[PDB]
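The chain below stands alone and is given in structure tokens; this is the form solved without this ligand.
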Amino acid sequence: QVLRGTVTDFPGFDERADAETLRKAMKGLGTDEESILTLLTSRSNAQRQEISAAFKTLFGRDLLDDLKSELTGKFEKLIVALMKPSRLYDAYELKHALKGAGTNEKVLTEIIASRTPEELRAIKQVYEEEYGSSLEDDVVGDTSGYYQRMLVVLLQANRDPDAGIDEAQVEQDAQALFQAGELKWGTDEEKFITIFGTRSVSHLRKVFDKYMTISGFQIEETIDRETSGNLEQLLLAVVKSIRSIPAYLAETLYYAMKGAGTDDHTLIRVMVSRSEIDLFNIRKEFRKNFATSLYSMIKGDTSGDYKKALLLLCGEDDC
């Protein structure tokens, strides 16, 4: 009855002993990667920040700098991601994704569609503090169309609270969405954006069900997951997140590994960002929906200490 992650506070935690263990693992010409990944994946993010502070006090060195030169490749990328303070991680990923014409719309869509209003408010505040501009202004400057407008509405974090069901508004909203999809999501965009973006979660779940009976198909089937523009991808992310954030993020992990290549950036981002929120539930949806465990997919597709660390973050195999 609760959302659970795969990383919890290490019991008996001693930040000074852990700092000593990490320094021992790097001091000298060699490296003890196993010690580094076992400790860091078994301490919570808050504990990692206390280790980093004890490390600087004990040794007069910067733990993150040492990790960056001591480790390489995807393993370094994963460890560095785990060290970023949780409160800063989403804001950082958004800022990194906003790069003019090379902007990574997949990341904007993933984070903004799946974070709660409480999470989005924290993100916007943190983002201004770190980067000196508003998240909205950067998003508007680097996106276009009704995709831009939908992100802006979602960024407003003004979604109705879960309240008494109104079957009259359900039917009206479902009809409005059916008509909007019949026009390929290219007409009266402001009207369906208000529905997807500001109605309550429980309300929209009923709307989607009413859409089924009205239309004969599920609302997702109006959008081709592979051959759709940015707005359509966002609507799909919002619909899926309304149904289940763990299921949306599980599907995101699934497509990150399926096919040729591995989208390691997405693999790292989802595992780390969700490790203390809902990664256990993500695993459950992953196994239920894709007939195989997240553990087995990571194991088959990745290598070395990066794989070892990802498997420890995953926590367990599922079947």
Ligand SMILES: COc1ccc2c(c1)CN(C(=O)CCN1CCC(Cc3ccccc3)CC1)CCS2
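Residues that one form lacks are left out of the comparison. Numbering starts at 1 and follows the sequence shown. For the two forms, the rigid core is made up of the largest set of C-alpha atoms that agree within 1.5 Å on superposition.
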Comparing average C-alpha B factors as deposited, tell me which of 204-212 and 237-245 sits higher.
204-212
Stretch with the higher entry mean CA B-factor, where the candidates are 142-150 and 193-201
193-201
Residue with highest C-alpha B-factor in the PDB entry, from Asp90, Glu76, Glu105, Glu171:
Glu171
Which of these has the highest Cα B-factor in the record: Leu253, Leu39, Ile268, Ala260?
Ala260
Against its chain's modelled residues, does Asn230's Cα B factor rank lowest, middle or highest third?
middle
Please place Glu110 in the lowest, middle or highest third of its chain according to the CA B-factor in the PDB entry.
lowest
Using the B-factor values recorded in the entry, state whether the Cα atom of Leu63 falls in the lowest, middle or highest third among the modelled residues of its chain.
middle
On the chain's distribution of Cα B-factors, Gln47 falls within the third called middle
Relative C-alpha B-factor of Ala176, binned into the chain's lowest, middle or highest third
highest
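Although not depicted, the form deposited with this ligand bound is the subject of the following passage.
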Can you pick out, from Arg149, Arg205, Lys77, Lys95, the residue that has a heavy atom within 4.5 Å of this ligand in the deposited complex?
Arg205
Looking at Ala91, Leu177, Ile242, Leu82 here, can you tell me which has any non-hydrogen atom within 4.5 angstroms of this ligand in the deposited complex?
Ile242
In terms of non-hydrogen atoms within 4.5 angstroms, which of the given stretches 215-223, 178-186, 101-109, 116-124 touches this ligand in the deposited complex?
116-124
Just checking whether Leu63 would be counted as a contact of this ligand in the deposited complex - the rule being heavy atoms within 4.5 angstroms.
no
Is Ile277 one of the residues lying within 4.5 Å of this ligand in the deposited complex, judged by heavy atom distances?
yes
Contact flag, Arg159 vs this ligand in the deposited complex, heavy atom cut 4.5 Å:
yes
Does at least one non-hydrogen atom of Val140 fall within 4.5 angstroms of this ligand in the deposited complex?
no
With the core superposed, find the residue in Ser244, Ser215, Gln233, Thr103 that moves its CA 2 Å or more between the shown form and the other one.
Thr103
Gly100 and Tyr147: do their C-alpha atoms lie closer or farther in the deposited complex than in the form you see, with a change of 3 Å or more?
farther
If the C-alpha spacing of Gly100 and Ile193 moves by 3 Å or more in the deposited complex, is that a move closer or farther apart?
farther
Superposed on the rigid core, segments between the shown form and the other one of at least 3 residues with Cα shifts of 2 Å or more
99-103
